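# sequence-free structure coming up:
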């Protein structure tokens, strides 16, 4: 195809037969300013593809489609916003110079998020809005900037979580956005070892990112070798960042009439990425088999959450709660009588940890939030959903306004 | 004793355990002389009276002479706290592309160090400042940010009475002997940027002086007349607005409850009448009493207090066009009785509240639409409540 953007470290060519883009990474390392050559285009492409796979799986919207080759990938075509979106958890790097008196390692809670223009000075959100950027029919106002701030922090938080599985502190990051043909903002650049600052064991001294290359006043080929060896370690480490954690959410309904209600729970949880079993059993009509079924689920080494669905007077949830140590959530089905009956769920006898929820979606969310403590991906999807809902409100606000 | 400055001197006052600030007749944007210490001092004192009247905690006590005032002695935090409503001045230089007049909602608030480089809140925190035993942490910075915005908002509202747009401000904070942060130093025409009619051309602040490269005595005269005008306009900024809040109780038995309403509203600056009448047992006289209150040109809020089945509130509402609030007294039956207050017949604007403090607030929120000082105190109380929570949190933490 035809070239449409040239870059220090990458070229992006049109793909005219497939209505996108192809991004081709080059074997150069351009320490901000210094520039030398390497064998690193393959390392970056793989690092990148892996990250975008993690982010797609969380539900974040990206331009990334699939790897084309060992050095290139296919991207959805979109017009880039000329802002670098940067997130920090700690104070380090150029931030220390811009903010004298703040010591290295000062923790940003929530993560600090800053913006930078080309061509590369710092901009305020006000500056971005007054700049009146316009891409693919989408004019960038505070709503669009709000979304990108929130998205940037979120992507940092997800990856921060991922890297902690291999004992690495993600310290800061830079990403870039673009606007697709349909007017949607997508995460669109490249996230590799040039995009971030990584500390193993939270030890700055063990840094594995492109800061190693920046620190070099003089650059020998030997020096470049440790930087290639550093980036390869990171590309390798990413293969451990998407693990399959084992868990089961079991919904016990006291009667088969509660089916549609349970399927609403199931549908919600499965979309959050949960493994859900629907079971029918009564704590009144089949007391012994109820315990026997729950004991069978208790033969696991994975995580386990029970959801109790029982109309009228709910003894099922409290009886589970009394015989198991795994969390039990009560989700009575909808009913006119729920106003009277809910106290059979609440107000359990002393020493039972049964918790109560009133809507099927909210029960799946409780189960997700519990299991997300072990599966950063589920936890990612919960945060992504919050961003989705907030972004949808603005769409609605814009229509009634 | 002494503390020295460009525009002011602060001497100890040894007989009164607690400072005097003596204003100088100089203007240091570069530096010249005038007759303006008296203007500044008086400008300041009027500003501090208004903020004291809103409930803001200040070092300021009273005017001592024509050019001095008495202040509670306290150690200054070396930060200038700046609030802007509009984009202008050095902000434009620090944020290229943002046009003059860009509106900041909420008001933008930035901090500057005494050396004047800009600092972030992080820088202020990492500086580990310590005055009178008070180390300045994120909580203290939060308070000063929130108060600075609050103080700008109060003055913005006040200057709007004399048709002046307050565009930005600078204030300074200090720490008293008891470890409390007070709004201190001086607020005068050097402290702010004032535009009449929102017109940049008609500016009345020290910006006129700052823009001069060359400075004549005529130029100084126009600065004095501008500052004298501002001092003069400040006298119309604290006017007596007329309003009445009337509490009708259905029985003298509801006495403590109504007094709790009265007490709360009086703290917010409201004029309250407590009256006894029944909409059942004295229907015609109930109407008669509200028509007596309706002979005004001021604002009027009726609060109806009725136990059991409340016909009082809805009856007032059906017969008047002034806002009526229901505030039933506390009771076991309130869970049942409350629907007599809610669920009025169609065409009644009777609104309902359940706590006596909260009725007084509704009343004040309504009246504050016409009385910025009452409006001030509501915001000031929200600030008090939030700062109290942090103290309570620090003790249980």
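Received the coordinates, thanks. Numbering: from 1, shown residues only, chains lettered A, B, ... in the order given.
# neighbouring strands - and their directions - for the biggest strand by length in chain A?
Assignment by DSSP state E gives strand A:107-116 as the longest strand of chain A. Paired with strand A:107-116 in the same sheet, following DSSP bridges, are strand A:84-90 (antiparallel), strand A:122-123 (antiparallel).
# any chance of the ones you listed in TSV, plus distance to residue B:203 and mean neighbour count?
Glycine gets a C-beta too; all of them are placed from N, C-alpha and C. Converted to TSV, the strands paired with strand A:107-116 look like this (distance: least, CB to CB, whole Å; neighbours: other CB atoms under 10 Å in any protein chain shown):
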stretch	distance to residue B:203	mean neighbour count
strand A:84-90	38	22
strand A:122-123	29	18
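# tell me the spacing between residue A:379 and residue A:152.
Residue A:379 is 18 Å from residue A:152, where distance means CB to CB, to the nearest Å.
# quick one, which of those two is more surrounded?
Per other CB atoms under 10 Å in any protein chain shown, whichever of residue A:379 and residue A:152 has more neighbours is residue A:152, with 25 against 21.
# which residues sit in contact with that one?
Residue A:152 makes contact with A:85, A:86, A:87, A:113, A:173, A:175, according to CB atoms under 8 Å, 6 or more residues apart in numbering or on different chains.
# which non-adjacent residue is nearest the last one?
Nearest non-adjacent residue to residue A:175, counting by CB to CB, 6 or more residues apart in numbering or on different chains: residue A:85, 5.2 Å away.
# check contacts around residue A:255.
Each residue near residue A:255 by CB under 8 Å, 6+ apart is listed here: A:280, A:282, A:310, A:311.
# now tabulate those in a markdown table and tack on secondary structure, neighbour count and distance to chain B.
What follows is the contacts of residue A:255, written out as a markdown table (DSSP: H, G, I helix; E, B strand; the rest coil; neighbours: other CB atoms under 10 Å in any protein chain shown; distance: CB to the nearest CB, whole Å):
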| residue | secondary structure | neighbour count | distance to chain B |
| --- | --- | --- | --- |
| A:280 | strand | 17 | 39 |
| A:282 | coil | 17 | 36 |
| A:310 | coil | 26 | 29 |
| A:311 | coil | 19 | 27 |
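# residue A:103: which of these is nearest?
residue A:310 (56.5 Å; CB to CB).
# pretty sure that closest one contacts residue A:318?
No - Residue A:310 is beyond contact range of residue A:318, at 9.6 Å (criterion: CB atoms under 8 Å).
# other SSEs contacting the helix or strand where residue A:222 lies?
For residue A:222, the host element (DSSP states H and E) is helix A:221-237. With contacts taken as 3 or more CB pairs under 8 Å, 6 or more residues apart in numbering or on different chains; DSSP states H and E, helix A:221-237 sits against helix A:41-58, helix A:211-214.
# now that helix against helix A:41-58, angle please.
Taking axes from the mean of the first three to the mean of the last three CA atoms, to 10 degrees, one finds helix A:221-237 and helix A:41-58 inclined to each other by 30 degrees.
# mind giving me the packing neighbours of the helix or strand just after helix A:221-237?
Downstream of helix A:221-237, the first helix or strand assigned by DSSP H and E is strand A:247-253. Where contact means 3+ CB pairs under 8 Å, 6+ apart, strand A:247-253 is packed against helix A:259-271, strand A:276-280, helix A:287-297, strand A:303-309, helix A:360-371.
# just the residues contacting strand A:247-253, thanks.
The contact list for strand A:247-253 (CB under 8 Å, 6+ apart) reads A:259, A:261-262, A:265-266, A:269, A:274-281, A:290, A:293-294, A:297, A:300, A:302-310, A:316, A:320, A:364, A:367, A:371, A:374-375.
# what about it, distance to the chain center?
Mean-position distance between strand A:247-253 and its chain equals 25 Å (CA atoms, centre = their mean, to the nearest Å).
# do the same with stretch A:368-388
Relative to the chain's own centre, stretch A:368-388 is displaced by 8 Å; criterion: CA atoms, centre = their mean.
# what residues sit buried inside it?
Using 16 or more other CB atoms under 10 Å in any protein chain shown as the test for burial, stretch A:368-388 gives A:368, A:370-372, A:375-385, A:387.
# residue A:92 in helix, strand or coil?
Secondary structure, DSSP: H, G, I helix; E, B strand; the rest coil: residue A:92 is coil.
# neighbours of it, how many?
Quick note: residue A:92 (other CB under 10 Å) scores 19 neighbours.
# nearest residue to it in space, please, no chain neighbours.
By the measure of CB to CB, 6+ apart, the closest residue to residue A:92 outside its immediate chain neighbours is residue A:104, 5.3 Å from it.
# correct me if wrong: that neighbour contacts residue A:96.
Yes - using CB under 8 Å, residue A:104 makes contact with residue A:96 at a distance of 6.0 Å.
# the two: which has the busier surroundings?
More crowded of residue A:104 and residue A:96, by other CB under 10 Å: residue A:96, with 15 against 11.
# tell me how far the more buried one lies from chain B.
11 Å (CB to the nearest CB, to the nearest Å).
# can you give me phi and psi for that residue?
Main-chain dihedrals, residue A:96, degrees, to the nearest 10: phi -60, psi -40.
# pretty sure it contacts residue A:105?
No - with contact defined as CB under 8 Å, residue A:96 does not reach residue A:105; the gap is 10.0 Å.
# chain center to the top helix by length along chain A: distance?
Counting by DSSP state H, the longest helix found in chain A is helix A:376-400. What separates the centre of helix A:376-400 from the centre of its chain is 13 Å, taken as CA atoms, centre = their mean.
# so which elements touch it?
Partner elements for helix A:376-400 (3+ CB pairs under 8 Å, 6+ apart): helix A:41-58, helix A:142-163, helix A:360-371.
# what count of nearby residues applies to the closest residue to residue A:242 other than its chain neighbours?
Nearest residue to residue A:242, sequence neighbours excluded (CB to CB, 6+ apart): residue A:54, at 5.9 Å. For residue A:54, the count of nearby residues is 22 (other CB under 10 Å).
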